[PDB]
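Undergrad: Once you've seen the sequence and the experimental structure below, I've got questions.
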Amino acid sequence: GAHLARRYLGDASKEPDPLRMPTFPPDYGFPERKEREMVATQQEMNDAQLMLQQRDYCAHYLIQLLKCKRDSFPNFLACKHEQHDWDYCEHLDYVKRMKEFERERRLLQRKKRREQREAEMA
Amino acid sequence: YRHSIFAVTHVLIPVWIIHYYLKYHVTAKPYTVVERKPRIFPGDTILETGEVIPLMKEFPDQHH
Amino acid sequence: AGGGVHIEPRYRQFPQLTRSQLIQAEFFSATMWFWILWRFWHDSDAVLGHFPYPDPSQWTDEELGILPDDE
Amino acid sequence: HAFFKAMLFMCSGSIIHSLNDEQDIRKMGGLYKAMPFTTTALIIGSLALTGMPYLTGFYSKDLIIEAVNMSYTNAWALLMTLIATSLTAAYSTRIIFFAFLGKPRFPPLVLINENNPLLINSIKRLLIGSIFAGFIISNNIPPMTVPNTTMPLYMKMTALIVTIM
Amino acid sequence: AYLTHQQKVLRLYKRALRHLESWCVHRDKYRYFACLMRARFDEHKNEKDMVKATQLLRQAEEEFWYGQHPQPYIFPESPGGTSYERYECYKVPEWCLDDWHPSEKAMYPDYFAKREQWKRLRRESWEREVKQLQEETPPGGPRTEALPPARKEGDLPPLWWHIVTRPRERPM
Amino acid sequence: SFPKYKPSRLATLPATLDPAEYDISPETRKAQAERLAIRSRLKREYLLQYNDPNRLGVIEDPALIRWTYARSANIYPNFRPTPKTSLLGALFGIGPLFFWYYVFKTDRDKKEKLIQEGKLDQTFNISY
Amino acid sequence: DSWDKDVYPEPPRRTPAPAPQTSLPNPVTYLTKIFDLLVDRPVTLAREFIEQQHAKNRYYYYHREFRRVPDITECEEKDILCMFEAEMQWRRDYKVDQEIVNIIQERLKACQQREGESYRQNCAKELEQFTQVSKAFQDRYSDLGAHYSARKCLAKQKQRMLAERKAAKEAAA
Amino acid sequence: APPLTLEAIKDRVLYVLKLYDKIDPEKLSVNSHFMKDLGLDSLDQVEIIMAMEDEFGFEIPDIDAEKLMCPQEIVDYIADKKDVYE
Amino acid sequence: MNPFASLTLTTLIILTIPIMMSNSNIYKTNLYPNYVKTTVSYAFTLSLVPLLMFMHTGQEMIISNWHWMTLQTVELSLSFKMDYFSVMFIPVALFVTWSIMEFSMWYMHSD
Amino acid sequence: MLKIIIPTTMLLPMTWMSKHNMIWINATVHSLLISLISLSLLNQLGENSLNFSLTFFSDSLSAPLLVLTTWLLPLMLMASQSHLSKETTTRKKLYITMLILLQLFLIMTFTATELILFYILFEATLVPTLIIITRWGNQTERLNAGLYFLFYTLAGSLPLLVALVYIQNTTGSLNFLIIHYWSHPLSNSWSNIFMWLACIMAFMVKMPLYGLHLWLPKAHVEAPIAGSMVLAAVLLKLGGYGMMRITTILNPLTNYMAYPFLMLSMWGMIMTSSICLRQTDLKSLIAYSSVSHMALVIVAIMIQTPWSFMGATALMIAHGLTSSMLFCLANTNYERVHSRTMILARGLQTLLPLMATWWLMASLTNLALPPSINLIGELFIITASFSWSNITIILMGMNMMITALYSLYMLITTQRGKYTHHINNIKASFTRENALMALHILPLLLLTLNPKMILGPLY
Amino acid sequence: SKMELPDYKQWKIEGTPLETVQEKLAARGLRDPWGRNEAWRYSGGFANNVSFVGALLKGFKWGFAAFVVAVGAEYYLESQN
């Protein structure tokens, strides 16, 4: 919404392009940026036969969700802390994307006016 | 009793002749019935071989 | 007409209402009532979110790691 | 949708049978007290289509509005969805007003009745369906897509509010 | 024949008020508006020379033509109604009874007994009524579809059978 | 009474907005006397057989046989080689066949031109 | 089973043995148990009658054999005897080749359900195996026409073999 | 629909015609000529006939609406409309 | 796999039995509406069980038994794929029709 | 095949010296027995056609048509019983002789070995139908009907004769087995085009094809009912059986000159189906329907794909059972009402319960509900045509939609609605025409169970 | 079985919102004679219908009572356990 206004009714280059960004090396600006690591191995996703869109980094919690659920039968009112870890993982992973969105945003913000500063000093 | 005669002459004698049909004639043909592999858990065990699939290490445990 | 008429219609007056259709009616609306406040009290974190939405602006350039603007 | 859409269908039909095979709203009215069981049934189902929290419509319609909003669509795709929710609710309130509220714009012979046992029992199982099913099924079905956790608040609450004006 | 001047306005006034109750919906609101238009209808009840009322016709008929509801309340048995021409799938012509196997006719014995005398009643009546209708009709045929009465002695109304043996409106 | 409804071929002028409704001339109202008379006898003769118990089977409907005979037989005897008829004959004749001839020929030529050097999607097609 | 895994390879089946830590006992376990001993038991002994009756009088049926005859390539023009033999031999080989495509599709389809949502990564081997068979089938019998015959296929085989011969010399350069 | 017989219909129309404030109860008759016995005008005749329109539910053709004069033949008209005999 | 797929086959044939009895003209046309009630309600009753193992282990399969056409390379056979969508829709559909025609017995009776 | 030929010709003496009242019983029972004997012809090997004799052979294409003819013959026998009661015995036996002679020529036509022998009995069917159409017709126009039907078929028949005898002098034989086995590519020389042409319009004039179809509405709507079924059910298909035969040698010419007939047909059924929707006579619709259904067959044969040939065979047999049913259905209404106007007798469900069903799936088979063999033939044509050209789909898909449009239209305008009160002669539906429809419909669903027997030799 | 027709004396404009219709028309020298036909609908048991919020409020009184003792029961486990 707000970023939509800053691109459509504002400057498109100022806002990140959702289908193109990021456009800067993530290691650039973070010397020794540690890799977002995997908890559930390839065979974990493979043996669980998880679907691709839910085979993200949070899938390590997701397999735990089903396994309490597949063992909570009969009951369905159990299985609460399992998602509490999962949606929080998706909550923080969405923040990671959001942080990457703002990272590229202020990446575009900084360099454009830095180049504008060069355009001003010449 | 009417419910009972309903079951035998409309439900009970069916479940016999479908069961007779597929578990002796249909399953006797290859790939007639194919069942997906259940989601075997690293951490759970296999019933026939007794092999417990090794589970992954500690989760991030990001308790809210 | 034929034997079996029991519900007797009226003419411009409020019709008779057997208690059975009433008592279940407010019972069902009560049943559909107390279900959602019990669900509300038990799981208020369902209709409304359970995980906060951090504001974008408050994020400083540390996790953003934007190298300084002057250079 | 199959639950409550059907659920209001024979409830409307129960009104039609009781009120001498009439369909126009402009001849309904005053049926709240005189049509008790159907009145509750239609009242619930009218905004059950809109799906108040913790209902068949809640776990589907409210999530649908957020899901399209929390995704990559054309600018007008979302706006029709909120327009849908508002416009659907507006006449969802309308048909109650003409049917039960107001005054009985119906012929003087007061035949209006719903004492038939099959009438009550057929709809009765659809009260428990149209209200309980969304909760039980939602916890009975594992999620298929990534849940929408970090969300900028308003585009979820918008689905609930666009229903009430 | 031709629709008379005060007859045409009665037709237009008919559905115009049905349009009004379609618009007003509420009974009291309709009653208030129906009486207001009643006096409006009575505003120029006088017409004197017929040419003035023809112009008054044009404005009046133009009013009620636009006065239609977009979806006027058509009754279930109204032409185009929900229950209109609904049970025609059940009514069957009376002559089909003669095309019944004797078993069915015998298992409905009293009805076919009174059907037989009704069939007999059709015979002499048709005989008497046709020699009644031919001379009751003046030269040049029938000037109108109105059909002459059974004004003779011991005579049935001419051209009655299909009217009397009409498929009852509730065939069930 | 408002901006008036314009009559159309598939939705004609109503019985209200028609000028003849309020423009009833002495001869126009006079016309609705003999058309009623012929309808009266026409309705009469139908009743003299429809209500006739002696009559059995089906009575002839002159208009229906007039419609069928004119819709089936009397078109060629009334047909003329009029240039207009030949014009509509031509554009609805060889026209559409040449339309679909070119379309399918162009499609086939455009389709065929890539088969001989392997530029189509045919790998999973061994049925024809 | 009558069929063997060399013809129809069935991926091995594992059973994730449960662990119902929940207070309520599982409803499925005895629901399948009752279904077992109120329906299966009557039909098991009934089948035992059927299997034992088959053993009482077991007749025999064999498999029809076909002695190979000279091919259309070695057959004679305008000679209706030999080339008819090659014609029928070619048609039978077509029917067998049709069924080879059937089996590999059956094996491929069986793979997809076996791997479930992992069909994309765990069915590539069966897919490519069918792919090369289908490609070989396309240059084999496809495009011949409704009036296909041994001579018509031989012309197609010769046309393909001369095209690649010209291509091979072109590749030699 | 219950077997609505003419006796119910006959009572309803005369009651409504008595209910009609311009056809007073004491001056209402079974054969009430609206033009002569009751002295109403054409528009009131429309109001009378379309009052029983909504009051009875069924439809009165316009070519039969203006003809229908008296409550007795109002009763007979609805009598032949459904074909009541009891 | 002994339940579930077999149970679905039982559910979809018991609904045909009313038609088979109807065309056999041995059924009684009077209580047939009520006879239809019992069939649909029962067919719904056996529709719940195929859910139970899907909640339990989530197994899904395809039933293809009687081969109709060989059509050279493309064999044709009657085949039902029971997945998440099909499995839990049958009780939803079965419950709906049982209730709506339960209402329709009182409503649709004057014909 | 003389195990079918000899009993069939033996029907002539038996039907010609039977009793004055047993001619119907005797002819019906033994014709059905011939059908049962003909059912044994369903057996086919992998690809070898059953070569019973030098002059007779059959395969998976001839036998389904063979059974169709033999199974059909009792159906006009029972259909004609209605309107042939008011006739002398000698003339009645003459009618039976024409039908049996028509059957006998049909079996020899399908079982023929070489093309010339096939051609002789093929055309020979014109004579029995010419007498049937003209002598026993109903209206003045039937005289113009016979000439239109005769000359149209003959005008295309004679060029084929010249081409056929030309085959014998060039190839050396006209036997189908040798022609296919000694098949040689046909050059594109300007003479060879006419050579290709002369072997085509003979088959497509009686298909019928768009443009060259006017005899179809002028005969089927106008022939006696018994002649109407055999004309629509089988006689049109005589072009189909020939075209699968003659196409074995006429290659690769079909690639070029199929076009002028292809879109002539492709615009054809859509055009014809439009005429069906806007008819006024009952039998005129089914006649116009028959050419519309026959039109997709023309595309099926000409496109020369194995899938289309199977679709051609299935649609061929399915249409025969259908078109016979609707023509029988129209005859039932025409008899009581003594006319064939569509809206003359609308709304007869209230008086004709079983007929309204016999309307119902007969039209539904005309709509081709799944999995009726009509679609199995129709869908196979679609896949073959789509593989030929993608843009094909819109046309005949639109056609089978306008096909759907009318195929309920007479159902609405004959059964749905209110009876005509002046009509009072619709009596109780006699079991004869009633059971006639049963014998029409049950084989359709029976063949639906195991269609694998009617896809022809390409299956 | 009774099909009885009640008294007309109870059904004129009184006891109904038809007061205003009777006088507002009477303000412009008019009379409303058909309000008595709709007097029963605007009176008797058919009058005084609950509001829309009150329409959904039906069953709240017992629903609220069931709700509070249910969450009181909810507090029961977290205290007793």
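TA: Cool, got the structure. Residues are numbered from 1 along each chain as shown, chains lettered A, B, ... in the order given.
Undergrad: which SS class is the nearest residue to residue G:142 once chain neighbours are set aside?
TA: Nearest residue to residue G:142 in three dimensions, chain neighbours excluded: residue F:126, at 5.0 Å (C-beta to C-beta, 6 or more residues apart in numbering or on different chains). The way it works is simple: take the backbone N, C-alpha and C, and place the C-beta from them, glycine included. Counting by DSSP: H, G, I helix; E, B strand; the rest coil, the backbone at residue F:126 sits in coil.
Undergrad: the strands in chain D, which residues?
TA: D:109-110 (DSSP state E).
Undergrad: separation between residue D:95 and residue D:11?
TA: Distance, residue D:95 to residue D:11, by C-beta to C-beta, to the nearest Å: 11 Å.
Undergrad: Give me the common contacts of the two.
TA: Taking C-beta atoms under 8 Å, 6 or more residues apart in numbering or on different chains as the contact rule, residue D:95 and residue D:11 both touch residue D:42.
Undergrad: Can you pull the residues of chain C lying near chain J?
TA: Contact residues (C-beta under 8 Å from any C-beta of the partner chain) of chain C with chain J: there are none.
Undergrad: just to revisit the earlier point, looking at residue D:95 and residue D:11, which has the bigger crowd around it?
TA: Each of residue D:95 and residue D:11 has its neighbours counted (other C-beta atoms under 10 Å in any protein chain shown); residue D:11 has more, 28 against 15.
Undergrad: re the thing from before, can you name the residues that contact the residue nearest to residue G:142?
TA: By C-beta under 8 Å, 6+ apart, the residues touching residue F:126 are G:101, G:134, G:137-138, G:141-142, I:73.
Undergrad: before we move on, what about residue J:244?
TA: Taking C-beta under 8 Å, 6+ apart, we find residue J:244 in contact with J:61, J:301, J:309, J:312, J:456.
Undergrad: cutoff 6 Å now
TA: Listed by C-beta atoms under 6 Å, 6 or more residues apart in numbering or on different chains, the contact set of residue J:244 is empty.
Undergrad: what helix or strand does the closest residue to chain G within chain H sit in?
TA: Distances between chain H and chain G by C-beta to the nearest C-beta are smallest at residue H:1, namely 48.5 Å. Using DSSP states H and E, residue H:1 sits in no helix or strand.
Undergrad: which non-adjacent residue is nearest it?
TA: residue D:20 (6.2 Å).
Undergrad: for residue J:108, same thing?
TA: Among residues not flanking residue J:108 along the chain, residue J:121 sits closest, at 4.4 Å (C-beta to C-beta, 6+ apart).
Undergrad: Now for the one you found: which residues touch it?
TA: Applying C-beta under 6 Å, 6+ apart, we find residue J:121 in contact with J:105, J:108-109.
Undergrad: if I look at it, how far off is residue B:22?
TA: The gap separating residue J:121 from residue B:22 is 51 Å, by C-beta to C-beta.
Undergrad: Report the central residue of chain A.
TA: Closest residue to the average C-alpha location of chain A: residue A:97 at 2.8 Å, with C-alpha atoms, centre = their mean.
Undergrad: any idea which helix or strand carries that residue?
TA: Taking DSSP H and E as the criterion, the element that holds residue A:97 is helix A:81-121.
Undergrad: For the residue lying farthest from the centre of chain I, give me its contacts.
TA: Within chain I, residue I:72 marks the point farthest from the mean C-alpha position, 32.2 Å out by C-alpha atoms, centre = their mean. Applying C-beta under 6 Å, 6+ apart, we find residue I:72 in contact with residue G:98.
Undergrad: where's it relative to chain H, distance?
TA: Here residue I:72 is placed at a distance of 63 Å from chain H (C-beta to the nearest C-beta, to the nearest Å).
Undergrad: On the three-state scheme, residue C:50 is what?
TA: Assigned by three-state DSSP, the conformation of residue C:50 is coil.
Undergrad: Also the one 4 residues further on?
TA: The assignment at residue C:54 comes out as coil when based on three-state DSSP.
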